[PDB]
């Protein structure tokens, strides 16, 4: 309401308040009487409909915060020149097609946010803003940065993610106080060797670019806590990169061009807790590669070219989560019994026809995903997986379940769809915690055991494309809730 706006403006000069909050008021045009309120040090105009700022704002010469996020601004008045104490300028979510020329003259600025505009260029005048400790210009259309970026020697955070950069000026190396360098989602073909000059660098966003290699000088950025190269064109790493990154907690090589593990042997993996190499073309895991990876607890090899596992994979005793999905494995060796700490084992989209007896020794296993294999049976020893909560067997060749399945009393999710099941064992009735049971697309499943009625927590059951011809047609046409009620009422457990 414009009535309220002018009312709040009078209140401000009446109280002589140093802060004016006009956010979220649907303001199209700011009244020129704001020129009166020269005591202001903070002015909040965010979340309005401003297309321009009146020149009278240049009269607010004591402002240290000018907050304009989420408007429709297409420029700024040259009168902002007078705001010689301005420290924070927030211009996110506007419609600027360039950094307004007056912003390049606001040399007192330390904090400048330009996210989500339409900017294509950063002028050499950016060197005027030499006191900037935070520059964010992500989500624009910038293709190049000027060499003058190197004159922002107080920069702590530089965020140029979500642009169209093909290169970084080598002068980035002169911004030696940078701890956050955000370059993800650009078109970067390389990094400058001067990136090693940023000895305080601790967060480096590189994912979704076009990198073919990482400079050896990155080894100097020994405060890096994560290295995430996801979605680039990288196939190797510089010789001593990873062992030099002594604080590395996580390494992501996903969606690159890897065919082999990076050379350097086991010491490269001594500090990381997680290794993600999904979506590459890696054809083997080297013998002994994790012999020094004492804290590595998560390994993701999904969607590679593995046809077998290394001979020592039973020694991966620190592993808690293991994803081998979408490879070409034909067997799992009996030595799997060594992974007694494993909690998540993802094996979907492989060529497995059977599972080893040693599977029964995975005493901590909580999730086992085997969808889209060729499994013709399950070993009797799966009955020993007492921690198991989720068992996914969708799209396999199963004809029966072992009766021992009923010993998995912590199971909540059982996926049996798209199999060859002719019946469910009566022992399913001791799955006291079962909540989701998927039976869809078992075309020779003509009946269900009355014991299914003892699964008191069952709330999702799918039975589409099961004939279930031994049940009344009206009941199976009514769907799972009718089937279960029928099993309760017509079976021996109705009183229960």
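Positions refer to the first chain, counted from 1.
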Stretch exceeding the other in mean C-alpha B-factor - 380-388, 149-157: 149-157
32-40 versus 439-447 - greater average Cα B-factor per the deposited record: 32-40
Residue with highest C-alpha B-factor in the PDB entry, from 137, 195, 282, 272: 195
Residue 276 - Cα temperature factor, lowest/middle/highest third of chain: lowest
Among modelled residues of the same chain, the CA temperature factor third for residue 375: lowest
For residue 310, the third of its chain into which the C-alpha B factor falls: lowest
Residue 127 by Cα B-factor - lowest, middle or highest third of the modelled chain: highest
Lowest, middle or highest third - CA B-factor, residue 200: highest
